[PDB]
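This report concerns only the one structure given below.
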Protein chains: 4
Amino acid sequence: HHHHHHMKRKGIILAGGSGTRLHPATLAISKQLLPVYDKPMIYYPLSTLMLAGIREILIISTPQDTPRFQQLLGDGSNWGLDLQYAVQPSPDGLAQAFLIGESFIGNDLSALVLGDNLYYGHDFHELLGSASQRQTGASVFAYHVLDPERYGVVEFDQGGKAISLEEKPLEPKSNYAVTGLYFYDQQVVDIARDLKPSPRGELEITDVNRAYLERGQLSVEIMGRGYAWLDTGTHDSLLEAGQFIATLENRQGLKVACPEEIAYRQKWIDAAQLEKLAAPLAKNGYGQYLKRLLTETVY
Amino acid sequence: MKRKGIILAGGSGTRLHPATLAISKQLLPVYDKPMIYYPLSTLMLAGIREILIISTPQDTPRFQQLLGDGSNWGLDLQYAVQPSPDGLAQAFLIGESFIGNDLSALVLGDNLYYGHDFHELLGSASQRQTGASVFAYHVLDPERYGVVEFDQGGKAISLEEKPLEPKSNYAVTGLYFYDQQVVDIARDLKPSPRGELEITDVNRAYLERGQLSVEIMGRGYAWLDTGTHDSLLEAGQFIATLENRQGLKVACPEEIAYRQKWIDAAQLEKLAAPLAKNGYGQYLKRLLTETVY
Amino acid sequence: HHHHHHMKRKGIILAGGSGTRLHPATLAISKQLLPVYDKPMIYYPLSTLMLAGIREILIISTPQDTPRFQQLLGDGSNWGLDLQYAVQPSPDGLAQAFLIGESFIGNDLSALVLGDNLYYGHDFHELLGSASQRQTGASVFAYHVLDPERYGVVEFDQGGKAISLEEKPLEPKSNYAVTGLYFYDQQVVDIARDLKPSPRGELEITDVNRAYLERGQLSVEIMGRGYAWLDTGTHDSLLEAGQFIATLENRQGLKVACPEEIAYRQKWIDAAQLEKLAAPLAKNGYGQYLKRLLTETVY
Amino acid sequence: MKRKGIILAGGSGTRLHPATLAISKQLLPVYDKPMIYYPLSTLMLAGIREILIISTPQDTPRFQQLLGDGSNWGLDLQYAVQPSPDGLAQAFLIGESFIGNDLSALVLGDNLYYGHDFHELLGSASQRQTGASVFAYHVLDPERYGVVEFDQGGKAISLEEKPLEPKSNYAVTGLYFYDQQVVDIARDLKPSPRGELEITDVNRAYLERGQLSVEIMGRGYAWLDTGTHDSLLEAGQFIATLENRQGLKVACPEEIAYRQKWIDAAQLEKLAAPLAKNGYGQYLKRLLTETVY
Ligand SMILES: CCNc1c(N)n(Cc2ccccc2)c(=O)[nH]c1=O
Ligand SMILES: CCNc1c(N)n(Cc2ccccc2)c(=O)[nH]c1=O
Ligand SMILES: CCNc1c(N)n(Cc2ccccc2)c(=O)[nH]c1=O
Ligand SMILES: CCNc1c(N)n(Cc2ccccc2)c(=O)[nH]c1=O
Ligand SMILES: [Cl-]
Ligand SMILES: [Cl-]
Ligand SMILES: [Cl-]
Ligand SMILES: [Cl-]
């Protein structure tokens, strides 16, 4: 039948099971509900989507922990967002987010973020706003790491054009890992639907990204060394991520990934709404921070 | 007589929100294990195997999920709820039937202890069949705690809960040993000016009869609580620095049960199987074949 | 007499005494020779000047420690720089750098950096290159901090124009501290010469900066929250600075403030020279890093 | 008999360059004090007051500048040089005349110890008038150290220096107590395959005569060395976490001398005056008026 034709990019946060890998620390709750310093891990990637201008977001978690994500985040209305929830019964891979979120996505552009990925740096807002406005094809970010063999790895020719993607290569072609933030057009769900599980039994995001690469529709932007991309893969790196955020925040007196703040700066909530969000947290440093935001100009 | 143990793992209010909005503090990790493994380990090192875990209505089921009935670790665990955070002394009313006619010990669910001959420092408090024993520890900010005053001869003469003008820098730690008198003392407590049933009031009751032993926990011991986001990060880094230097874990309950002969080599072997692919299971398997002094 | 008229901006690092403040840790050596993680503190501000394109640099230290700075840094030729040395017998204030360095500066533009100031962030190269190219007036950077009362503080009108500078105000007009990096034109030495000591007995850089402000020649650029400006004011912040750098470097496998690297990327030294600098450090991670730089493209 | 002490604070080569290019590692800070305060404090806690400090030619004058003749702290300090890093056992040749006919103890200038009843753990090694005493400690990477093998009954039967295939995870720490035999044993040592005079060879010489006491330093003690940039940062954070929690310092030599009665309240008062405006002087002044148990 006939369709008609007349900002809308939707977001997805994958906040499912980290299996048994960080057990026993994660036996009683999801990794993405563990705090990084002063706030739940999931505030960080949520803030990343918000900085990209995305207000309609699906959170994918396990059946066991969806209610706790719901208690924490609600339907998003407090922060000028709309948050929806979906469950992932079995951790069958990151590309399953698109099958799980098919109805949520509809006919729109989308972005996927890993619920345990934290980014920090300058003009991040601008770096994200950019990729979001590129409507067709896919956009990813490559970042120089010490251990590229743990990641999807991008190979570049001498001109600096991406020419290949390999998932966890034993002999990486570069030290450039693909980060856990992905922007996609309307082709992604069909590409995902045609994926066959890898030898590990999982539906691989690198296969989605390779599909765009083969079509000549993959933009790979370098996220330079002056950005911090932390993930919380080990107990040791989770501790480092906490110390990192604590050092920045205690130095600056400004928070990284405060959603109330980001919504306020985006004009998604007003001063009066922000004041209401501060009232219940007024006795701790978090509510006090929100209060101070109403009476200060921050450039 | 036998001594039963109680871990109070109740609500920290809104103090660490939003980090703790979703889940209680004592279910969160300190480095590589849930915070509550640490006080549980403290009780186990005092030789206590019958333990009641008290937490909020919402999270008691989740402590139950995490720890089970304890039989996998040669423990006997029971659970109870504290409907509202109305004071630490409520532990003895909530746990009155659990305690029965036995000796007891209470540990706070967010207290972490590290040091040498702990097994021995606890055993000597555990051995007193009469009176109460507590530990005093020199801190920078005594006003946050129950504060003990000593006379010139080193005798404890007063306790004040969160004084505006502390008499010393010696705070009472969150580990308490009691005789058969504590339930009856807790039953006669009146709420304090802050609307709480105070553990310090209990301790003062023993002090007034000359039945409070106040042992000094020396500077060569580490007492950490997880009261702020900053100190929480400090506790994790501390445990990480010790464990990665030594190749030995602090407060691994499976290891402690095994060393106490509460489980045998074959039970530990079974416990190691689920986490065989990660560091924790690998650690437990290694405990089967290594002599550690 | 008649003068004639036909990149040349010179740099100065103040690396003098921190008094007794960090004693006893600084009894046996200068604070600016203490390592921050894996390299001496002074590598960081030196790298900052290098990133600004400055190759001619004066290091001001105490008589006691100048030889150790000389042993460490030499005359700069190894790194495509020229380094000169001057002593500050008594810690009489930061603005004394211009009287001490008067002959070094000559008729040129200049930049002053504090030897204990560390900066990290994206397009820092570009942010510095910018200020260096502004030839007339002065350029400074303002950064939101938790404790502005410890610093020179800048006040802005509602339009965002700087209107006042106050040195360590008990009641700061904003949370914007002036950072320890300063770019000056040819007027600075005369302004410094006319300074009278403050009540603390010191020649204040904020008085120099106010002089430019009163003339309408002070540019104050915001260094945003996605940049890290760390100083090493306390034992606690020195520890945090070390952990910060260690987390970035171990994540990325790239160093912050490696002068050999920066000189190589600036074309001030070639591959063969870099190879020679790596030979003596070949057994440790530092020399190994320098070696890897010859065989890798880093964007 | 009296026991003299030696701190070996010599060169770490190019291993931590460029951090240590300008100055030796043991002059750098661990948190708030120079690294060498920590082993000095260890000797002082073992009751040792006559101490020889051995370092590189370049930096001995700077240890002399930092520490003086020790009389301000009720110590008797002397200095000597190790012209080249030719093995720890060189300490006893360099210090032969210093030692004379007395008992001795050697500590490495970059070893940091923390734990309870250290004063007591050292005093019991200090009391042996015959033989040698060392401490073994469970580590993750024993191949970096002198490694001790035990039989089934817990007896030390072998030592290997940096084995490719360690017999256990028990490393010998950098603190050694010796009787009058050590100089003569060191004098007969031959350089090892690595061109070093080995402390492990000295220790094996005592072991062969059944005169090596190998005490276990338990897991409740922290032994830190500052061998890598990473571990250096871990040592500082560890000391910071303890000191800021307790309001008490680890390895403050002025305090240790005062508690040992080597200086009096009036001497400490004078020592506090120079740094009165910072935390360290404020700490020392506070020690005059506070009972710390
Ligand atoms: C640099 C870290 N990112 C970040 C930024 N940039 N901002 C400023 C900002 C948010 C949204 C719209 C305009 C400005 C925050 O408030 N919180 C943040 O966490
Ligand atoms: C280092 C803190 N304490 C501790 C000790 N001491 N032990 C040894 C031990 C446990 C039970 C019976 C005998 C010996 C552990 O296994 N785990 C520990 O956490
Ligand atoms: C982001 C931290 N700054 C930094 C940067 N940007 N670079 C890249 C660079 C240096 C000079 C010219 C072009 C590129 C380093 O090599 N070391 C650094 O420390
Ligand atoms: C915590 C490590 N040990 C330590 C101890 N034990 N003491 C107490 C003490 C010193 C000398 C004689 C009697 C008592 C310190 O003053 N500083 C210390 O660093
Ligand atoms: Cl920014
Ligand atoms: Cl002690
Ligand atoms: Cl960058
Ligand atoms: Cl122990």
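For the structure tokens, the naming scheme is as follows: chains receive sequential letters (A, B, ...) according to their order of presentation, residues are indexed from 1 within each chain, and ligands are indexed from 1 in presentation order.
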Checklist entry - Which neighbours of residue A:145 fall inside 10 Å, counting only C-alpha atoms, when residues of the same chain fewer than 6 positions from it are skipped, and could you give them as a list in words? => result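 So, after excluding close chain neighbours, the residues are residues 151, 174, 175, 176, 177, 178, 225 and 229 of chain A; 248, 249, 250, 251, 252, 253 and 254 of chain C.
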Checklist entry - Which chains and residue numbers are within 9 Å of ligand 4, counting only C-alpha atoms and all ligand atoms, if I want them as a PyMOL selection string? => result (chain B and resi 218-221) or (chain D and resi 38+41-42+44-47+113-119+242+248-261+292-293)
Next, write the just-selected residues to a file, as a CSV table (one decimal), in the first residue's frame, keeping N, CA, C and O atoms as the atom set.
chain,number,residue,atom,x,y,z
B,218,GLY,N,43.8,-1.8,67.5
B,218,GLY,CA,44.9,-1.0,67.2
B,218,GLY,C,45.0,-0.4,65.8
B,218,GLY,O,44.2,-0.8,65.0
B,219,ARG,N,45.9,0.5,65.7
B,219,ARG,CA,46.1,1.2,64.4
B,219,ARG,C,46.6,0.3,63.3
B,219,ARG,O,46.4,0.7,62.1
B,220,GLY,N,47.1,-0.8,63.6
B,220,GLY,CA,47.5,-1.9,62.7
B,220,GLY,C,46.4,-2.7,62.1
B,220,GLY,O,46.6,-3.6,61.3
B,221,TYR,N,45.2,-2.4,62.6
B,221,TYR,CA,44.0,-2.9,62.0
B,221,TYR,C,43.3,-1.8,61.1
B,221,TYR,O,43.4,-0.7,61.4
D,38,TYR,N,59.6,5.0,55.7
D,38,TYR,CA,58.9,3.7,56.0
D,38,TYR,C,59.8,2.6,56.6
D,38,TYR,O,59.5,1.9,57.6
D,41,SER,N,61.3,3.7,59.9
D,41,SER,CA,60.3,3.4,60.9
D,41,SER,C,60.3,1.9,61.3
D,41,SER,O,60.2,1.6,62.5
D,42,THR,N,60.4,1.0,60.3
D,42,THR,CA,60.4,-0.4,60.6
D,42,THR,C,61.6,-0.8,61.6
D,42,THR,O,61.4,-1.5,62.6
D,44,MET,N,63.2,1.3,63.6
D,44,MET,CA,62.9,2.0,64.9
D,44,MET,C,61.9,1.2,65.8
D,44,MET,O,62.0,1.1,67.0
D,45,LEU,N,60.9,0.6,65.1
D,45,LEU,CA,59.9,-0.2,65.8
D,45,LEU,C,60.5,-1.5,66.3
D,45,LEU,O,60.0,-2.1,67.2
D,46,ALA,N,61.6,-2.0,65.6
D,46,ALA,CA,62.4,-3.2,66.1
D,46,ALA,C,63.3,-2.7,67.2
D,46,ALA,O,64.1,-3.5,67.7
D,47,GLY,N,63.3,-1.5,67.6
D,47,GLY,CA,64.1,-0.9,68.7
D,47,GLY,C,65.5,-0.5,68.3
D,47,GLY,O,66.4,-0.4,69.1
D,113,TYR,N,55.9,-1.8,55.4
D,113,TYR,CA,55.2,-2.8,56.1
D,113,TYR,C,54.0,-2.1,56.9
D,113,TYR,O,54.3,-1.1,57.5
D,114,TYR,N,52.9,-2.7,56.9
D,114,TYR,CA,51.8,-2.3,57.7
D,114,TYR,C,51.1,-3.5,58.4
D,114,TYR,O,50.9,-4.5,57.8
D,115,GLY,N,50.8,-3.4,59.7
D,115,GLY,CA,50.0,-4.3,60.4
D,115,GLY,C,50.1,-4.2,61.9
D,115,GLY,O,50.7,-3.3,62.5
D,116,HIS,N,49.4,-5.1,62.6
D,116,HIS,CA,49.2,-5.0,64.0
D,116,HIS,C,50.3,-5.7,64.8
D,116,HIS,O,50.7,-6.8,64.4
D,117,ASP,N,50.7,-5.1,65.9
D,117,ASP,CA,51.7,-5.7,66.8
D,117,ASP,C,53.0,-5.9,66.0
D,117,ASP,O,53.6,-7.0,66.2
D,118,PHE,N,53.4,-4.9,65.3
D,118,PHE,CA,54.6,-5.0,64.5
D,118,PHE,C,55.8,-4.8,65.5
D,118,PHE,O,56.7,-5.6,65.4
D,119,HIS,N,55.6,-3.8,66.3
D,119,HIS,CA,56.5,-3.6,67.4
D,119,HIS,C,56.8,-4.9,68.1
D,119,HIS,O,58.0,-5.2,68.5
D,242,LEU,N,44.4,4.7,55.1
D,242,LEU,CA,44.6,4.4,56.5
D,242,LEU,C,44.7,5.7,57.3
D,242,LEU,O,44.0,5.9,58.3
D,248,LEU,N,45.8,9.1,62.2
D,248,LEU,CA,47.1,8.7,62.7
D,248,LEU,C,47.9,8.4,61.5
D,248,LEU,O,47.4,7.8,60.5
D,249,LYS,N,49.2,8.7,61.6
D,249,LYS,CA,50.2,8.4,60.5
D,249,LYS,C,50.8,7.0,60.7
D,249,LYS,O,51.0,6.5,61.8
D,250,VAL,N,51.1,6.5,59.5
D,250,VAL,CA,52.0,5.3,59.4
D,250,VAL,C,53.4,5.8,59.2
D,250,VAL,O,53.6,6.6,58.3
D,251,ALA,N,54.4,5.3,60.0
D,251,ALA,CA,55.8,5.6,59.8
D,251,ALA,C,56.2,7.0,59.9
D,251,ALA,O,57.0,7.6,59.1
D,252,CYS,N,55.7,7.7,60.9
D,252,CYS,CA,56.2,9.0,61.3
D,252,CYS,C,57.3,8.8,62.3
D,252,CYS,O,57.1,8.4,63.4
D,253,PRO,N,58.6,9.0,61.8
D,253,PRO,CA,59.7,8.7,62.7
D,253,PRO,C,59.7,9.6,64.0
D,253,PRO,O,60.2,9.1,65.1
D,254,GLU,N,59.2,10.8,64.0
D,254,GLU,CA,59.2,11.7,65.1
D,254,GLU,C,58.3,11.1,66.2
D,254,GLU,O,58.6,11.0,67.4
D,255,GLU,N,57.1,10.7,65.8
D,255,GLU,CA,56.2,10.0,66.7
D,255,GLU,C,56.7,8.7,67.3
D,255,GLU,O,56.6,8.4,68.5
D,256,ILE,N,57.4,7.9,66.4
D,256,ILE,CA,57.9,6.6,66.9
D,256,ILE,C,59.1,6.8,67.9
D,256,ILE,O,59.1,6.1,68.9
D,257,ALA,N,59.9,7.8,67.7
D,257,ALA,CA,61.0,8.1,68.6
D,257,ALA,C,60.4,8.6,70.0
D,257,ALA,O,60.9,8.3,71.0
D,258,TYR,N,59.3,9.4,69.9
D,258,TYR,CA,58.6,9.9,71.1
D,258,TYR,C,58.0,8.8,71.9
D,258,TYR,O,58.1,8.8,73.1
D,259,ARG,N,57.3,7.9,71.2
D,259,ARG,CA,56.7,6.7,71.9
D,259,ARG,C,57.7,5.7,72.4
D,259,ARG,O,57.4,5.1,73.4
D,260,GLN,N,58.9,5.7,71.8
D,260,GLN,CA,60.0,4.9,72.3
D,260,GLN,C,60.8,5.5,73.4
D,260,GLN,O,61.7,5.0,73.9
D,261,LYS,N,60.4,6.8,73.8
D,261,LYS,CA,61.1,7.6,74.8
D,261,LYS,C,62.5,8.0,74.4
D,261,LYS,O,63.3,8.2,75.3
D,292,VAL,N,47.1,8.1,72.7
D,292,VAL,CA,46.8,7.1,71.7
D,292,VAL,C,47.2,5.7,72.1
D,292,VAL,O,48.4,5.5,72.5
D,293,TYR,N,46.3,4.8,72.1
D,293,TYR,CA,46.6,3.4,72.6
D,293,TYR,C,47.1,2.5,71.5
D,293,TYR,O,47.7,1.5,71.8
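Look at residue D:132: the protein and nucleic acid residues within 6 Å of it, using only C-alpha atoms and passing over chain neighbours fewer than 6 places away, are residues 177, 178 and 212 of chain D.
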Tell me, as a compact mmCIF listing (two decimals) with C-alpha atoms, in the first residue's frame, which residues lie within 9 Å of stretch 27-35 of chain D, counting only C-alpha atoms; anything in the same chain fewer than 6 positions away does not count.
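Output file part.txt is given in full below:
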# COMPACT_ATOMS: atom_id res chain seq x y z
CA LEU C 22 54.29 19.58 51.18
CA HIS C 23 57.14 18.90 53.59
CA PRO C 24 58.33 16.39 54.50
CA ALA C 25 57.63 14.71 51.09
CA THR C 26 59.33 17.62 49.30
CA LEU C 27 62.33 18.02 51.67
CA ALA C 28 64.63 16.01 49.42
CA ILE C 29 63.42 17.32 46.00
CA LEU C 34 57.95 14.31 41.72
CA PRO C 35 56.50 11.79 39.31
CA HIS C 235 49.25 14.99 48.71
CA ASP C 236 45.69 13.88 48.06
CA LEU C 238 48.86 14.51 43.66
CA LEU C 239 47.67 10.92 44.25
CA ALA D 9 68.57 2.49 49.43
CA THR D 20 63.52 8.17 38.68
CA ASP D 59 72.20 10.47 46.33
CA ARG D 62 70.89 13.96 49.77
CA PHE D 63 69.90 11.27 52.27
CA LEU D 66 67.24 14.84 54.60
CA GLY D 109 64.93 1.16 51.37
CA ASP D 110 61.75 0.63 49.30
CA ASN D 111 59.89 -1.89 51.53
CA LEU D 112 56.75 -0.75 53.35
CA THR D 226 57.37 0.06 45.18
CA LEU D 232 53.80 2.81 43.76
CA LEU D 233 50.41 4.45 43.23
CA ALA D 235 51.15 2.10 48.12
CA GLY D 236 50.29 5.83 48.31
CA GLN D 237 46.53 5.24 48.12
CA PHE D 238 46.81 2.55 50.79
CA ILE D 239 48.67 4.83 53.25
CA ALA D 240 46.28 7.72 52.40
CA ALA D 251 55.79 5.55 59.76
CA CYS D 252 56.16 9.00 61.32
CA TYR D 280 52.62 17.19 59.47
Checklist entry - Between atom 9 (C, counted along the ligand's line) of ligand 3 and atom CA of residue C:13, what is the spacing in Å? => result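 These two atoms are separated by 20.1 Å.
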Checklist entry - Would you give me, as a PyMOL selection string, the residues in stretch 59-182 of chain D that DSSP reads as strand (DSSP E or B)? => result chain D and resi 76-81+103-108+111-114+132-138+146-150+156-161+170-178
Checklist entry - In Å to one decimal, how far is atom CA of residue B:3 from atom CA of residue B:98? => result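 So the answer is 11.1 Å.
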